[PDB]
Structure formats: C-alpha cells, structure tokens
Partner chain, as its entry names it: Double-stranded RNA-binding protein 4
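A lone chain, given as structure tokens: the form solved without the partner chain.
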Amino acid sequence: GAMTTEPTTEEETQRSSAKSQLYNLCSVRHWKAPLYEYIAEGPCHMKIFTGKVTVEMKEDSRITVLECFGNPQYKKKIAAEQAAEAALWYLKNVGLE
C-alpha cells in the first residue's frame, strides 16, 4: 500500500470562499458534497452567467434535494459563490439549526 501527507491547500480554500464553506458544512452534517454547474448566455462582451449548486440530503425516512443559484450574478466565479451562500442559508434552516 501507500500514503502521503494531505496538503493544506490554503490558497484553494481562500479562492473557493463560500464554495468551501458549503463543502465543509455538508461534510460535517453527512450531506452529499455540493455539485456545481453554470449557464451562460448573451454576447461574448456581455456574457451573463448563472451559477447553480445542488446539495442532496437524506433523512431517516425521507429524501430531499436543495438547489440554489446566484440570481444577482456579476461574474461566473461570483455567481457560483453566491449560489453557495444561498445554499448555506437554506441548509441552516433545513437542518433546523
């Protein structure tokens, strides 16, 4: 077998920002890691992006899926972070925390 020390990847965390906060939240609460996708439309000089994130959750006898997106888009990256921020808010309520 083999193993290696896991890197801090501090830079990646800081760049990810809200995206990593959502990941961390989901991990601790035993929720499915967040999945991201993008929709783009409009002129190349005026491209409008929508970032969307999905978080899947299970209960003792129920299942549910949370979907959020960065409605107030400015940039591709920003939209994804906004979607994560929305998910963070929703998940707080969903988990009754």
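Residue numbers count along the first chain shown, from 1.
Another form exists, deposited with the partner chain bound; not displayed. Remarks below refer to it.
For the chain shown alone, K47 is not a contact residue for the partner chain in the deposited complex, no non-hydrogen atom being within 4.5 angstroms. Contact annotation for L66: at least one heavy atom lies within 4.5 Å of the partner chain in the deposited complex. Proximity of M57 to the partner chain in the deposited complex: non-hydrogen atoms within 4.5 Å are present. Although the partner is absent here, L25 is not a contact residue: none of its heavy atoms lies within 4.5 angstroms of the partner chain in the deposited complex.
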